[PDB]
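Asks: This is the structure, below, for whatever I ask next.
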Amino acid sequence: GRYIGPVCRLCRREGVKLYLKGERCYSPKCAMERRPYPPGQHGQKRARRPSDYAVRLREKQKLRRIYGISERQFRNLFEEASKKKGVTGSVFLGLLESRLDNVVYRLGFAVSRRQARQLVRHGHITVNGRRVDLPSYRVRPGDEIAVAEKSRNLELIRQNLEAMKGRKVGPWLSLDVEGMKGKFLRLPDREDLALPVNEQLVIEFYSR
Amino acid sequence: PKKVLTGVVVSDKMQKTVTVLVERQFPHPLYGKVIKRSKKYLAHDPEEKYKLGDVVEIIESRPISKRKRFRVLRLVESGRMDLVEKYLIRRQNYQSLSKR
Amino acid sequence: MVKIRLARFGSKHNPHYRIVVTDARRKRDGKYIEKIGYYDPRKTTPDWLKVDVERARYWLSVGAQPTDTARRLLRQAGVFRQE
Amino acid sequence: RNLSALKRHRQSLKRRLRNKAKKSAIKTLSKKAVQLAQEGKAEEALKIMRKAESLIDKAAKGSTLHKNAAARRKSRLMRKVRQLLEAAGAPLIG
RNA sequence: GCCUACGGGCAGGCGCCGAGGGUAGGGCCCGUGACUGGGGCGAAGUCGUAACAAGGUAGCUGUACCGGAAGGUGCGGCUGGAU
RNA sequence: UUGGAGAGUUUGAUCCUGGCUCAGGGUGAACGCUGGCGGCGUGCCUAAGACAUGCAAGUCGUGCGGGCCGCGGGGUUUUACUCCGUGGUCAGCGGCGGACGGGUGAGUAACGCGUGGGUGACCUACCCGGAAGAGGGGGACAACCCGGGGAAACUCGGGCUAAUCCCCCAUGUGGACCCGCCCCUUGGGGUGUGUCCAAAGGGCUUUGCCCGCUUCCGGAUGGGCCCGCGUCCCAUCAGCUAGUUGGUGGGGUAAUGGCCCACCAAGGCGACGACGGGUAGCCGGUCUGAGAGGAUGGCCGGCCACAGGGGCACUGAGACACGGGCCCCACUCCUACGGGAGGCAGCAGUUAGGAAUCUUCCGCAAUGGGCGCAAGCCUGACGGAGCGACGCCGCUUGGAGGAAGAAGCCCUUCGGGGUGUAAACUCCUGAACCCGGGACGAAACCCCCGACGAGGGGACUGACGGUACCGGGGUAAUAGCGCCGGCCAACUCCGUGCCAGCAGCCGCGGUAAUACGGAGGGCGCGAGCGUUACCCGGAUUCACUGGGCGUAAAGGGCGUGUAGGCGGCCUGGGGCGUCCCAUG
Ligand SMILES: [Zn+2]
């Protein structure tokens, strides 16, 4: 059970916009537009001061839910990130942003993160030449993450790239829309990320 | 390298054999201070030369009696009861502290 | 009679050997004497077999009948090529 | 309820008897040569020691005498002899 | 007795040690247990009021004897005794 | 310097002391609710209980002789009887392997294991290398044939016969032992006389090559014994010891040794914990921990220990020998009641016990081992499959669009809030599933050429498995458990009424329960989630890091001094501790 249930509800739990559905979470409706209160029968109620724990918590989740990844991997990552020489936080987002499924999203070969998954599990994705269905896969720098010849004439993908002529790609990424390709340049830097989170809290959380 | 220990004759009641008191020193495996421990080896004197209160070098030898696998090397410092005395008084003390 | 053989080290369906020298009587995967090369049955890496003929020669010299299959790998390594 | 790797026991017996007769043989001969030297039969004593030494070394050839085993017996015999031949010197043969 | 080139070997016999057993006595550990001490618990009855304020004979205490009971008393010690 | 989070709880209230509790991580797990997939790993932790059945060690006819069944060919004019060759089959004699590998932890607190060393106290099958040799003579026992005992298992006796089985004799490169000397230095090495010791043959491509054989020096690997240091709890276990400690001699071994015997001496050990008792295979590592430390030691590897209980030896390079032997004991089974037959702690399985631990599967393809010149035989070592969410890891139950928002369910200050973009519905992708193709792992030994060297060429050979994996086609296609008073993320209504019940701890419940029971809602985690049990952790609450003792629990009623610990200034030697370098 890798989640998959009511979504732009979490956009609502956190109180920060969670780009979980893409188009639409741009139309007046990631719900945060016009209904910022959290879910539940008590959403509209005055909220008490959140224990240190609470914030440390809620902020872990914010990270997590964005990438939509079962705690088990998420925590695993964070573990693998503690073992690397670096800033225990920045490196976290490192692998976090290096997952095949994410890449595709940033490459624009998909409306949303979720969508990207399917694209991967269904195998519409080339990676340095061969297809790949395992999203959790880690895209090394200098890999041609692309689309299967087979998938190119797709009503979805097509309509997506059409949009790309008009949006810059992440600074650590390249792509040749014309040929529907794209390369992973180098691990993105914290300064390069946009995310409305505070790693520090996340780290701080994993020491309880 | 056949081992070599330096110690003292404390016993001289036996035949061609002498009991040698060998003191060793070392930091306590956990508390750190130098602990001083010891052991008695049953040395071996062919010509009955070695006498009580003599310090001697022990060397690992071919098994001889049950619990007598050392020959004496050379006499280090002769005449020094001082040390024996200690061993002795300690032994005597043993007589005390019981349920008889 | 010390032999020269292989040692299972891969895993379920992933055999990865280990050319070594040991007394006949020991186990396959048991305490060897001098590891002298490994060979990869499936050949996934361009480097699926190494040897160090220098030591190989020692053994045989001193007397160490090698396994049939084992030998074959030493021959490939040029363990016995006298030119 | 059978197993042909038992033939070995069927065989061991054969060697038990085999070894046995040889070993004892020696003992007897040795014990013979001995009491001769007690009396001072310089001639014959050796005549026997020799039959002894042979028998010993003969078993050593096989699996009857451990190896150095023959040796000890060769030492413990000759020595026990020479010495006795002091109670009345002059070895006849050699 | 069996075999032998008579040198000697096997069979057998006896013997020591010896697993184990018998008899006597002792020690030590487990199970079951009549009879039996007290203990702790818990809401709460009964008789009394020892302690906590000088608790109403200051208290505490080693010891000793006595007593439904708590405790009382002697002797000594202590303040962790109010005025 | 890549490394350390605390909270609840004694009060009217405070602070301190202090204990109890929780959150964290982990498990060869078990139980409950739920349960789709694959990969890799792992699965009696309890009765070392008892065990049916099958399989788990054999292999050589290029070591020797034959029996059964049968075929071909010879000597016979023919017949009976025979001579050679041969196929199957059986077992024997003889060689090698059974002392490896497989299991298990009972025992054991011990040189058992860990570590580092010793061996002038040692052996070592087959392998490798180097030197030397194989001359002559004879014998026994199975098989087989004849007979006897027994219910049976099996056994007794008589006779034949081969061999690489056995014996004798000669040669002696050499080697052994005694004695003497030279060197070394505990039984190391050189040497001299004396004495003693060798051996088998078989196959072809048969005048030479292969296998094997004998003596000796060396190698390699493997191992015996020995020593230093290390190695759990109880002192409500304090003294233990008579082969016991030592000596001489002798036995015994590969070998040192009280290991064993005789005699002699009177010793040896113990608070630096003897002896007694309790418990436990040890380690690499593993778990936790900031670390120091604590816990563990199954899977894998190394070492030890047993192979129903206890004793013992044989054969052997090696055993005191799990599927070898002899005895006694308990137990099971056959029994003509005289007497026998048995040992899964091998693989699978049976039953028992228990909370709980799998298929009487496939293969000998690969790796390894044995035996073989080889073809090849054996290999429940192994390599695979299978069963168990028992662990970990990957993966799915869909993606996008979609109302100021359906219905139902919940709440309400009745106006509305909520579940909720959730659904419906729209489009798109497409696990399952279908068809086709289809694997590495495997290249040797062998054969051929070449000198059976090097080198080169040829052939066979897969359990997994038609599986992985590629190609095409292809359906929108499982979700559950815990929790929501504080610690601790998550709040309303009703039912209830110190009842029923909850509960880790503080507690909650006597009609207004955020603490019971349901529901709406919410948090947490997801093919899983809880629970119990156990480890480390929090706990600096055994304190080396890193505690204390006026009243909190803690100074011995005082003294005396024994062992022991600890110790003043200057100079020098030694350098054991201690520090530095190199090296194994
Ligand atoms: Zn949204």
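Note that the numbers count up from 1, one per residue, in the order the chain is shown.
From the backbone N, Cα and C atoms, a Cβ is placed for every residue, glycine too.
Annotations for this protein, taken from Swiss-Prot, read as follows:
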| type | residues | note |
| --- | --- | --- |
| BINDING | A:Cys8, A:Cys11, A:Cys25, A:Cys30 | Zn(2+) binding site |
| DOMAIN | A:98-160 | domain 'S4 RNA-binding' |
Asks: Rank the binding-site residues A:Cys8, A:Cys11, A:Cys25, A:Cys30 by the number of other Cβ atoms within 10 Å of each Cβ and report the first-ranked residue.
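Replies: For the binding-site residues A:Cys8, A:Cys11, A:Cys25, A:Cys30, the Cβ with the most other Cβ atoms within 10 Å is A:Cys11.
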Asks: Helix, strand or coil for A:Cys30 (Zn(2+) binding site)? Use DSSP.
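Replies: Coil, per DSSP.
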Asks: Please spell out the DSSP helix, strand and coil residue counts for the domain 'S4 RNA-binding' (A:98-160).
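Replies: When I sort the residues of the domain 'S4 RNA-binding' (A:98-160) into the three classes, I find 24 helix, 11 strand, 28 coil.
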Asks: Determine, from DSSP, whether A:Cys11 (Zn(2+) binding site) sits in helix, strand or coil.
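Replies: Reduced to three states, the DSSP call for A:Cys11 (Zn(2+) binding site) is helix.
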Asks: What other residues of the same chain, not counting A:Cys8, A:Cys11, A:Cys25, A:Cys30, have a CB atom within 8 A of the CB centroid of the Zn(2+) site?
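Replies: Going along the sequence, the neighbours come out as A:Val7, A:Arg12, A:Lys17, A:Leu18, A:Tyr19, A:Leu20, A:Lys21, A:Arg24, A:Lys29, A:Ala31, A:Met32.
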Asks: Could you say whether, by DSSP, A:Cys25 (Zn(2+) binding site) belongs to a helix, a strand or a coil region?
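Replies: In three-state terms, A:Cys25 (Zn(2+) binding site) counts as coil.
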